[PDB]
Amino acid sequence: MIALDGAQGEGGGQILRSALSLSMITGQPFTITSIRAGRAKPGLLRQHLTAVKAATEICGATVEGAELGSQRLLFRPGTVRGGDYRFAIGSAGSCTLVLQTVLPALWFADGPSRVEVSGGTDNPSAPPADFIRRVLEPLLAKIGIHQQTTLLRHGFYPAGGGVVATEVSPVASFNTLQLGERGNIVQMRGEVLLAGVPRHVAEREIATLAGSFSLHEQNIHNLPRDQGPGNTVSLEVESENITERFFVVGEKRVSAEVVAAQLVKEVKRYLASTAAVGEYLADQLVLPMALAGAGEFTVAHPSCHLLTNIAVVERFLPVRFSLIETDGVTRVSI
């Protein structure tokens, strides 16, 4: 029984989701207190409750404290099972966050699984569901993890409606991933996703990307208007050792040029370091690498989220992380 203080690091939902995952994998139960204690609406909100129930269902846990506003939670996992799971988060609800809770555990399930989640997929506060398939999965495959995500329908905040489905197989063995240098840029590509939003908005965004970067491809993907309004712009940087993809989800009163220019600045900050992975992808490689007992990547700067994922992993798993930050590059390794 691990006792977690939910007020470590940035002190929000990340602590809870990472522990839920690690509890399921390791079978170690846990209690967490001060869940989001300083936030406007403190304790477990409806989205956290959704994540806890999904976890509960895939491993038959026994739970105490799973109620709105609760600041305490006790989770005692059972055996992780395979099979066809369908969850509904709806609302703002990020698909991504349910998936990040349950996917790692399903890697240890007793058989293959399929996880369907309906809810938001594209929201300006966080990387879209599309980041799983396009950036995360190919690095999971090299670690020896079998996970294939399909966006079946986008749900653009504030609208829900999106549909994501991931197929997963139990891992046989973990490989050691070693990322240091990106390597030379092989190609960049820009894509605009549109649903119920005029075409010219994608032509302008694509032209702002094209003003700064040489693009191998300039794609405009139009979705059915029933999924809109929505606009997402992404830029892929395929280097010799890694493929990264950066995303800006467009907001209601923001213009095309401002959405695009935020994307351009994020890409130039990645290119300005020699680090192989961006901040957010760095947070997601922590667990799979912990799980393999070895591996490394470079990230520009350690972040609070990186520290917190590392701390929660180290409570459940006997691995230790080293962090050697020295020349505008931080090497993260087992």
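In this text, residue numbers run from 1 along the sequence as written.
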(message) Highest mean C-alpha temperature factor of the two stretches 85-93 and 238-246, which is it?
(response) 85-93
(request) With reference to the PDB entry, specify whether the mean Cα temperature factor is higher for 58-66 or for 37-45. (result) 37-45
(request) Return the residue from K252, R204, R133, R189 that has the highest Cα B-factor in the entry. (result) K252
(request) Among the candidates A292, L306, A276, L271, give the one with the maximum CA B-factor reported in the record. (result) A292
(message) Test of reading the entry: by CA B factor among the chain's modelled residues, which third contains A256?
(response) middle
(request) Taking the values exactly as deposited, rank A51 by C-alpha B-factor within its chain and report the matching third: lowest, middle or highest. (result) middle
(message) Can you tell me whether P124 has a C-alpha B-factor in the lowest, middle or highest third compared with the other modelled residues of the same chain?
(response) highest
(message) Where does the C-alpha B-factor of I220 rank in its chain, lowest, middle or highest third?
(response) lowest
(message) Quick check for you: using the entry's CA B-factors within this chain, is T149 in the lowest, middle or highest third?
(response) lowest
